[PDB]
Structure formats: C-alpha cells, structure tokens
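start.txt follows (compact mmCIF, C-alpha atoms and all ligand atoms):
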```txt
# COMPACT_ATOMS: atom_id res chain seq x y z
CA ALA A 1 2.78 51.26 24.48
CA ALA A 2 -0.33 51.56 26.60
CA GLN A 3 -3.70 52.97 25.73
CA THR A 4 -5.84 53.50 29.00
CA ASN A 5 -9.63 53.19 29.12
CA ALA A 6 -9.55 51.14 25.91
CA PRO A 7 -12.57 49.21 24.63
CA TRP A 8 -12.71 46.03 26.65
CA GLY A 9 -11.79 43.69 23.79
CA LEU A 10 -8.51 45.43 22.98
CA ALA A 11 -7.63 45.15 26.80
CA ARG A 12 -8.64 41.54 26.74
CA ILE A 13 -6.40 40.42 23.94
CA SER A 14 -3.57 42.01 25.88
CA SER A 15 -4.24 40.42 29.12
CA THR A 16 -4.42 37.11 30.94
CA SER A 17 -7.19 38.25 32.93
CA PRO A 18 -10.63 39.74 32.25
CA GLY A 19 -11.76 43.01 34.01
CA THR A 20 -8.81 45.23 32.85
CA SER A 21 -9.34 48.47 30.44
CA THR A 22 -5.78 49.27 29.24
CA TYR A 23 -4.48 47.94 25.92
CA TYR A 24 -0.79 47.08 25.77
CA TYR A 25 1.14 46.56 22.60
CA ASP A 26 4.29 46.98 21.11
CA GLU A 27 4.23 50.69 19.28
CA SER A 28 5.13 49.26 15.87
CA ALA A 29 1.43 48.44 15.81
CA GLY A 30 1.29 46.65 12.47
CA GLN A 31 3.43 49.00 10.48
CA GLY A 32 4.26 47.60 7.09
CA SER A 33 1.41 45.05 7.00
CA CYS A 34 -1.83 45.14 4.99
CA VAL A 35 -5.30 44.05 6.07
CA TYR A 36 -8.17 43.60 3.49
CA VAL A 37 -11.63 44.04 5.04
CA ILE A 38 -13.97 42.21 2.67
CA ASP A 39 -17.39 43.47 3.69
CA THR A 40 -19.76 46.50 3.03
CA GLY A 41 -17.03 48.79 2.39
CA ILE A 42 -14.94 51.27 4.65
CA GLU A 43 -15.69 54.92 5.25
CA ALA A 44 -12.07 55.81 4.64
CA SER A 45 -12.75 59.51 5.40
CA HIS A 46 -13.23 58.77 9.09
CA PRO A 47 -10.43 60.62 10.71
CA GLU A 48 -10.16 57.33 13.08
CA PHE A 49 -8.29 55.92 9.90
CA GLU A 50 -6.01 58.82 9.55
CA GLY A 51 -5.32 58.29 5.78
CA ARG A 52 -4.47 54.57 5.98
CA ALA A 53 -7.56 53.16 4.68
CA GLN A 54 -8.49 52.86 0.81
CA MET A 55 -11.43 51.29 -0.99
CA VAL A 56 -9.86 49.37 -3.76
CA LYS A 57 -12.87 47.26 -5.13
CA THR A 58 -16.56 47.03 -5.32
CA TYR A 59 -19.03 44.75 -7.08
CA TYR A 60 -21.92 47.23 -6.69
CA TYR A 61 -22.75 50.61 -8.19
CA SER A 62 -20.34 52.70 -5.44
CA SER A 63 -17.70 51.53 -3.26
CA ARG A 64 -19.05 53.46 -0.25
CA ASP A 65 -20.19 51.69 2.93
CA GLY A 66 -23.62 52.88 3.06
CA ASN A 67 -24.40 49.83 5.95
CA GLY A 68 -21.77 50.41 8.66
CA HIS A 69 -20.67 46.94 9.17
CA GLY A 70 -17.47 47.06 7.11
CA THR A 71 -16.47 50.31 8.74
CA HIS A 72 -16.90 48.85 12.24
CA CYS A 73 -14.96 45.75 11.51
CA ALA A 74 -12.19 47.75 9.82
CA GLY A 75 -12.00 50.06 12.83
CA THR A 76 -11.32 47.10 15.10
CA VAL A 77 -8.57 45.93 12.86
CA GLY A 78 -6.83 49.33 12.51
CA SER A 79 -8.41 52.54 13.68
CA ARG A 80 -6.23 54.79 15.78
CA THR A 81 -8.72 54.45 19.10
CA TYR A 82 -10.44 51.37 18.53
CA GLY A 83 -8.02 49.20 16.58
CA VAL A 84 -5.57 46.42 17.33
CA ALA A 85 -3.04 47.22 14.68
CA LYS A 86 -3.12 50.99 14.84
CA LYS A 87 -0.31 51.52 11.96
CA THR A 88 -1.64 48.91 9.44
CA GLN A 89 -2.74 49.76 5.97
CA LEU A 90 -6.42 48.91 5.36
CA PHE A 91 -8.05 47.96 2.12
CA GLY A 92 -11.64 47.64 1.40
CA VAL A 93 -13.47 45.29 -0.73
CA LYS A 94 -17.23 45.88 -0.96
CA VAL A 95 -18.80 42.48 -1.60
CA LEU A 96 -21.83 43.25 0.57
CA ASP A 97 -24.48 45.78 -0.40
CA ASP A 98 -25.82 48.01 1.88
CA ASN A 99 -28.19 46.01 3.72
CA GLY A 100 -25.46 43.33 4.37
CA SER A 101 -26.40 40.96 1.57
CA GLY A 102 -24.04 39.33 -0.87
CA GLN A 103 -24.48 36.69 -3.36
CA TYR A 104 -21.69 33.73 -3.15
CA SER A 105 -20.48 34.21 -6.44
CA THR A 106 -19.53 37.95 -5.78
CA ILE A 107 -18.13 36.97 -2.36
CA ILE A 108 -15.97 34.47 -4.27
CA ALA A 109 -14.99 37.17 -6.76
CA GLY A 110 -13.78 39.20 -3.82
CA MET A 111 -11.81 36.76 -2.36
CA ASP A 112 -9.78 35.79 -5.59
CA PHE A 113 -9.48 39.56 -6.00
CA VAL A 114 -7.37 39.77 -2.83
CA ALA A 115 -5.10 36.90 -3.81
CA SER A 116 -4.32 38.90 -6.96
CA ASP A 117 -4.33 42.43 -5.57
CA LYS A 118 -2.01 42.01 -2.83
CA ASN A 119 0.57 42.05 -5.67
CA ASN A 120 -0.36 45.70 -6.30
CA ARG A 121 0.20 46.77 -2.80
CA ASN A 122 3.28 47.28 -0.53
CA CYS A 123 2.90 44.89 2.36
CA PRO A 124 6.37 43.79 3.23
CA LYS A 125 5.35 42.64 6.72
CA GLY A 126 2.52 40.47 5.65
CA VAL A 127 -1.06 40.33 4.26
CA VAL A 128 -4.29 39.53 6.14
CA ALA A 129 -7.87 39.33 5.20
CA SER A 130 -10.71 39.77 7.55
CA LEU A 131 -14.27 38.08 6.39
CA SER A 132 -17.04 39.03 8.83
CA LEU A 133 -19.72 37.28 6.82
CA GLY A 134 -20.89 33.88 5.60
CA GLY A 135 -23.97 31.87 4.89
CA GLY A 136 -24.64 27.88 4.57
CA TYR A 137 -21.99 25.38 3.58
CA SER A 138 -20.70 25.78 0.04
CA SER A 139 -17.72 23.99 -1.42
CA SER A 140 -17.08 26.66 -3.74
CA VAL A 141 -17.15 29.55 -1.06
CA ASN A 142 -14.87 27.35 1.08
CA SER A 143 -12.45 26.70 -1.98
CA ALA A 144 -12.16 30.41 -2.58
CA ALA A 145 -11.02 30.73 1.15
CA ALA A 146 -8.43 27.98 0.77
CA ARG A 147 -7.11 29.69 -2.39
CA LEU A 148 -6.85 33.06 -0.70
CA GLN A 149 -5.04 31.46 2.24
CA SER A 150 -2.83 29.27 0.01
CA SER A 151 -1.84 32.58 -2.04
CA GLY A 152 -0.03 33.67 1.36
CA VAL A 153 -2.85 35.90 2.79
CA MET A 154 -3.61 35.12 6.59
CA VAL A 155 -7.34 34.48 6.31
CA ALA A 156 -9.65 35.22 9.38
CA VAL A 157 -13.42 34.21 9.09
CA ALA A 158 -16.36 34.57 11.37
CA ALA A 159 -17.53 31.26 12.84
CA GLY A 160 -21.16 32.47 12.61
CA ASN A 161 -24.22 33.84 14.98
CA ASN A 162 -26.66 30.89 15.20
CA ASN A 163 -25.54 29.18 18.16
CA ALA A 164 -24.87 26.17 15.95
CA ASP A 165 -21.94 23.95 15.00
CA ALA A 166 -20.12 26.10 12.41
CA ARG A 167 -18.97 22.84 10.13
CA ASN A 168 -22.46 23.75 8.39
CA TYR A 169 -21.48 27.33 7.52
CA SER A 170 -19.25 28.99 4.93
CA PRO A 171 -16.55 30.18 4.80
CA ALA A 172 -16.19 29.04 8.63
CA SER A 173 -15.97 25.39 8.00
CA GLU A 174 -13.20 25.72 5.57
CA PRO A 175 -10.04 23.85 7.53
CA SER A 176 -7.15 25.69 6.32
CA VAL A 177 -8.21 29.21 7.38
CA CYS A 178 -8.64 30.71 10.91
CA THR A 179 -12.37 30.50 12.14
CA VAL A 180 -13.10 32.87 14.91
CA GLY A 181 -15.87 32.62 17.66
CA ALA A 182 -16.79 35.17 20.04
CA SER A 183 -16.68 36.05 23.77
CA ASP A 184 -17.90 38.43 26.16
CA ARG A 185 -16.28 40.80 28.74
CA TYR A 186 -16.84 38.19 31.48
CA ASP A 187 -15.15 35.43 29.43
CA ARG A 188 -18.41 33.74 28.51
CA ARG A 189 -18.53 32.06 24.97
CA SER A 190 -21.23 34.98 23.41
CA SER A 191 -24.75 33.60 23.36
CA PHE A 192 -25.10 33.77 19.57
CA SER A 193 -21.27 32.07 18.86
CA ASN A 194 -21.33 29.30 16.69
CA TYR A 195 -18.96 26.45 18.00
CA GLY A 196 -17.63 23.26 16.86
CA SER A 197 -14.16 21.44 16.41
CA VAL A 198 -13.81 23.85 12.95
CA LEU A 199 -13.15 26.81 15.25
CA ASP A 200 -9.27 27.69 15.84
CA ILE A 201 -9.66 30.57 18.25
CA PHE A 202 -12.00 32.89 20.11
CA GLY A 203 -12.03 36.82 20.24
CA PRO A 204 -14.05 39.63 21.86
CA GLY A 205 -17.40 39.87 20.15
CA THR A 206 -20.05 40.88 22.53
CA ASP A 207 -20.49 45.02 23.01
CA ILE A 208 -17.55 45.92 20.79
CA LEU A 209 -17.07 49.65 20.45
CA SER A 210 -15.75 50.64 17.02
CA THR A 211 -16.16 53.14 14.18
CA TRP A 212 -19.39 53.57 12.23
CA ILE A 213 -20.22 55.77 9.13
CA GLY A 214 -20.73 59.50 9.40
CA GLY A 215 -17.91 59.79 11.25
CA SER A 216 -19.32 58.22 14.10
CA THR A 217 -19.06 55.06 16.69
CA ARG A 218 -21.24 52.32 18.10
CA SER A 219 -21.06 49.30 19.88
CA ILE A 220 -22.42 46.17 18.22
CA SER A 221 -22.06 42.47 18.67
CA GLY A 222 -21.14 39.17 16.60
CA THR A 223 -18.49 36.76 15.51
CA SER A 224 -18.08 39.51 12.91
CA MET A 225 -16.70 41.81 15.67
CA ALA A 226 -14.49 39.00 17.01
CA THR A 227 -12.91 38.24 13.56
CA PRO A 228 -11.16 41.60 13.00
CA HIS A 229 -9.50 41.25 16.60
CA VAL A 230 -7.70 38.17 15.24
CA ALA A 231 -6.96 39.77 11.85
CA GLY A 232 -5.49 42.85 13.42
CA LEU A 233 -3.58 40.68 15.91
CA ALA A 234 -2.06 38.63 13.14
CA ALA A 235 -1.02 41.95 11.35
CA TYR A 236 0.57 43.01 14.65
CA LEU A 237 2.44 39.68 14.98
CA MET A 238 3.69 39.83 11.40
CA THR A 239 5.04 43.00 11.78
CA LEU A 240 7.07 42.04 14.66
CA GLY A 241 8.41 39.02 13.18
CA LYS A 242 6.70 36.38 15.28
CA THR A 243 4.87 34.59 12.68
CA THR A 244 3.98 34.58 8.97
CA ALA A 245 0.72 34.66 7.03
CA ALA A 246 0.75 30.86 6.62
CA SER A 247 1.82 30.13 10.23
CA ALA A 248 -0.24 32.88 12.10
CA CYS A 249 -3.44 30.97 12.95
CA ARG A 250 -1.12 28.18 14.56
CA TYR A 251 1.02 30.79 16.35
CA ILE A 252 -2.03 32.57 17.80
CA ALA A 253 -3.44 29.26 19.05
CA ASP A 254 -0.05 28.28 20.49
CA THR A 255 0.16 31.60 22.35
CA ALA A 256 -3.51 31.90 23.38
CA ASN A 257 -5.02 32.09 26.85
CA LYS A 258 -5.91 28.40 27.25
CA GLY A 259 -8.97 27.42 29.67
CA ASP A 260 -10.26 30.34 30.50
CA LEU A 261 -14.09 30.70 28.65
CA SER A 262 -17.39 29.39 29.99
CA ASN A 263 -19.84 28.13 28.05
CA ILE A 264 -17.43 26.18 25.64
CA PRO A 265 -19.16 22.95 24.55
CA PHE A 266 -17.23 19.70 24.57
CA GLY A 267 -15.15 19.43 21.65
CA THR A 268 -14.71 23.16 20.93
CA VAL A 269 -11.36 24.82 21.59
CA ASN A 270 -11.17 26.88 24.77
CA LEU A 271 -8.55 29.40 23.42
CA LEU A 272 -8.61 33.03 23.55
CA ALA A 273 -6.56 35.38 21.40
CA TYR A 274 -3.60 37.00 23.18
CA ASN A 275 -0.75 39.17 22.25
CA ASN A 276 1.71 38.12 24.99
CA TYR A 277 3.14 41.53 24.85
CA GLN A 278 2.65 42.35 29.11
CA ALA A 279 3.36 38.79 30.34
CA CA A 301 -6.58 26.69 10.56
```
Let me see the structure of the file written as structure tokens.
Ligand SMILES: [Ca+2]
Amino acid sequence: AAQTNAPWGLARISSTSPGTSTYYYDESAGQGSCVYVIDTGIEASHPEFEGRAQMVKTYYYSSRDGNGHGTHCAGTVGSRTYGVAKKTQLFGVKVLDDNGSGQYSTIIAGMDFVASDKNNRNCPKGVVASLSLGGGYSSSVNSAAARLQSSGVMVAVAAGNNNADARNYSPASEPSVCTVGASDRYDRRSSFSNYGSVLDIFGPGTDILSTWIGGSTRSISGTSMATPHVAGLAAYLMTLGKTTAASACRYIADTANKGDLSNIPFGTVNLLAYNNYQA
C-alpha cells in the first residue's frame, strides 16, 4: 500500500532516503496487534481512530485526555491518516493528568496494569506499549519497565528532551526496553534529543503532524513523537511475522537505516527506524 502526501515521518520510516512524502507499507497494517498508549489519555471519539481505540484505565477522576499529548502520540501509532499501524487496536492508560504531570508511583501502577491487562484483550499478533514520558533516574520506574517488557509487551520509551545523556532519565535508561531519540526531516538528530549509549534507535520527532483533541490535528515536537513511530512499527512487524515482542527492538535495529543522522555524538547509535517494506 501507498499513502501519498503523508506526514514526513511516516514517509521517512519507509524510505532509505529523506525528502520523500509517500508512506509505503504492507496493507495488513498491524491487524491483530495491540498497542497501549500510556499517557494523558486518548480521545477515542476522533473519527481518525475509526472505533479501534478504547480507554481502559485511569488513575485520575475521568479517563478523558483533556491535554492532547496522549491523543497525538496514539494517532502516530494507529490513526487512519497519521498512523504507522493503521489497523492496530489502541488502548489508553491515563497516567498523566491534564497538564502532563504524573507522579512515579502512578506511572508504575500503569505500567504493571498493562502487564496484567493484556490478558483481557485479544492481541494474537503481539502487544506493544508506547511511553512518551519520563522524569529523573529511578530504579523503581526502570524496574516497572523491565517487568512490563519481561511480561512479553514490546516496550518503547522516549529517550528524553534535554539534550542530555539519557542514562540519567527514567524510564529511558532502563536496558532491556527500546529507548527512542528523535530526528528531523533533514536527518538531523532533533536539537532537544537526549543521546547516549542507552538509546537503541532513532525516529521522526521534530514537526510531527498527528491527531489532537476536539477532533482536531497539530504538529508538535519531542522524543515523545518519535516513540510512537517505533511502537507502531513494531506492531506492524509483529503482525507480519517478522519479529516478536521480545525480539522487536533487536530486529528494528538490525533492519534500520545505519549512518545516515547528523548531529549523533560519539558513542550514540546512528540508526534510524525503517520498515524495509520498498527496498
Ligand atoms: Ca533494548
């Protein structure tokens, strides 16, 4: 399948080269997989989701995304225009309030929630979780990411927006999950992407068009916008049969565009997510 005049990041992760605007992908498009967006919530009523998105948990007084962040990230995973994995089932977990603030203990609660809940859902092609959030190093926050990953959920985390080595941030520094930095449409590491040997992969994160609440769209920027490219990609690769939840971060790295970003410090991977679908 081909989707012309696509947001640049979907064209990028289907291409070897920057400067193209068509997104290519096999039409299965993540059918039969499940992605949990653990964030401010998802405006599931957005027609872009077509009935495939459900809130399933909140730790606050409403499960609605009253911020916009969770809805944008979820749209990159799996909205019909703006998504990678256009036939995946989405699930929301509101661990962030509406300003974007969550305590670690509730974040943790969300995470263990997914390791359990997946067993209430039909995900025969595989389970993913997408965490576009974080704060300073915590062993506990990190342990809750290793558990979620160990439980057979592909875990994708934002490396962080401080232009700092990410080993000091959580859940980014955790080893066993897939820590995502960001790039721009000219293949520059993004000016705000954390970096550091704990990264596995880079994805589009500067000027990412996606859904927003009210039924709307906007372009925003972050390792948060890069993260759900890799989560949706992993859903797409599960569904095909290329990899598994426990093997997907390695498979994506093995199949990445290798050498191609500027602005990658010494010691940080120079790997860019790629679906290998057109070449
Ligand atoms: Ca890893």
Practice task
Do a neighbour search on residue 15 of chain A at 10 Å with all atoms listed in the file, toss out local chain neighbours closer than 4 positions, and write the hits as JSON, numbers by chain.
Solution key: {"A": [9, 10, 11, 19, 20, 21, 22, 23, 24, 257, 273, 274, 275, 276, 277, 278, 279]}
Please build the interface table for chain A against ligand CA 301 (chain A) with a cut-off of 7 Å, listing for each qualifying residue the nearest atom pair and the distance in Å to one decimal; count all atoms listed in the file, order rows by chain and increasing number, and write it as a tab-separated table.
```
residue	atom	partner	partner_atom	distance
A:175	CA	A:CA301	CA	5.4
A:176	CA	A:CA301	CA	4.4
A:177	CA	A:CA301	CA	4.4
A:178	CA	A:CA301	CA	4.5
A:200	CA	A:CA301	CA	6.0
A:249	CA	A:CA301	CA	5.8
A:250	CA	A:CA301	CA	6.9
```
For the residues selected in the previous step, produce a file with C-alpha atoms as a PDB file, in the frame of the given file.
```pdb
ATOM      1  CA  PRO A 175     -10.040  23.850   7.530  1.00  0.00           C
ATOM      2  CA  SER A 176      -7.150  25.690   6.320  1.00  0.00           C
ATOM      3  CA  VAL A 177      -8.210  29.210   7.380  1.00  0.00           C
ATOM      4  CA  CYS A 178      -8.640  30.710  10.910  1.00  0.00           C
ATOM      5  CA  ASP A 200      -9.270  27.690  15.840  1.00  0.00           C
ATOM      6  CA  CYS A 249      -3.440  30.970  12.950  1.00  0.00           C
ATOM      7  CA  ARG A 250      -1.120  28.180  14.560  1.00  0.00           C
TER       8      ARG A 250
END
```
Exercise for the section: Fewer than 3 positions away in the same chain doesn't count, so skip those; otherwise give me all residues within 8 Å of residue 69 of chain A, counting only C-alpha atoms, as an MDAnalysis selection string. Expected result: chainID A and resid 39:41 65 72:73 100 212
Exercise for the section: Go ahead and compute the interatomic distance for atom CA of residue 195 of chain A and atom CA of residue 183 of chain A, in Å to one decimal. Expected result: 11.4 Å
Handout entry: Pick from A:34, A:240, A:182, A:234 nearest to residue 269 of chain A, counting all atoms listed in the file
Key = A:182
Practice task
Name the closest residue to residue 70 of chain A among the candidates A:37, A:253, A:90, A:235; distances are taken between atoms, counting only C-alpha atoms.
Solution key: A:37
Problem - Proximity to residue 213 of chain A - best of A:75, A:124, A:135, A:265, only C-alpha atoms - result: A:75
Handout entry: Minimum-distance residue to residue 203 of chain A, chosen among A:14, A:244, A:122, A:58 (using all atoms listed in the file)
Key =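 Of A:14, A:244, A:122, A:58, the one nearest residue 203 of chain A, counting all atoms listed in the file, is A:14.
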Practice task
Identify which of the residues A:143, A:138, A:101, A:255 lies closest to residue 243 of chain A, counting all atoms listed in the file when measuring atom-to-atom distances.
Solution key: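 Ranking A:143, A:138, A:101, A:255 by distance to residue 243 of chain A, first place goes to A:255.
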Problem - Spatial neighbours of residue 179 of chain A, max dist 7 Å, only C-alpha atoms, sep filter under 3 positions, as a count of residues only - result: 9
Counting all atoms listed in the file, what is within 10 Å of residue 105 of chain A, bar same-chain residues fewer than 6 positions away, as a PDB file with C-alpha atoms, keeping the file's coordinate frame?
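For reference, out.pdb as written:
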```pdb
ATOM      1  CA  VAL A  95     -18.800  42.480  -1.600  1.00  0.00           C
ATOM      2  CA  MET A 111     -11.810  36.760  -2.360  1.00  0.00           C
ATOM      3  CA  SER A 140     -17.080  26.660  -3.740  1.00  0.00           C
ATOM      4  CA  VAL A 141     -17.150  29.550  -1.060  1.00  0.00           C
ATOM      5  CA  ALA A 144     -12.160  30.410  -2.580  1.00  0.00           C
TER       6      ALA A 144
END
```
Handout entry: Top pick for closest residue to residue 33 of chain A, considering A:18, A:205, A:47, A:232 and counting all atoms listed in the file
Key = A:232
Practice task
Grab the atom CA of residue 204 of chain A to atom CA of residue 121 of chain A distance for me, in Å with one decimal place.
Solution key: 29.4 Å
Exercise for the section: Have a look at atom CA of residue 7 of chain A and atom CA of residue 166 of chain A and let me know their distance in Å, one decimal. Expected result: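 Rounded to one decimal, the two atoms are 27.2 Å apart.
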Problem - Surrounding residues of residue 103 of chain A excluding itself and chain neighbours under 4 positions, 12 Å, all atoms listed in the file, as JSON, numbers by chain - result: {"A": [59, 60, 94, 95, 96, 97, 107, 108, 109, 110, 133, 134, 135, 136, 141]}
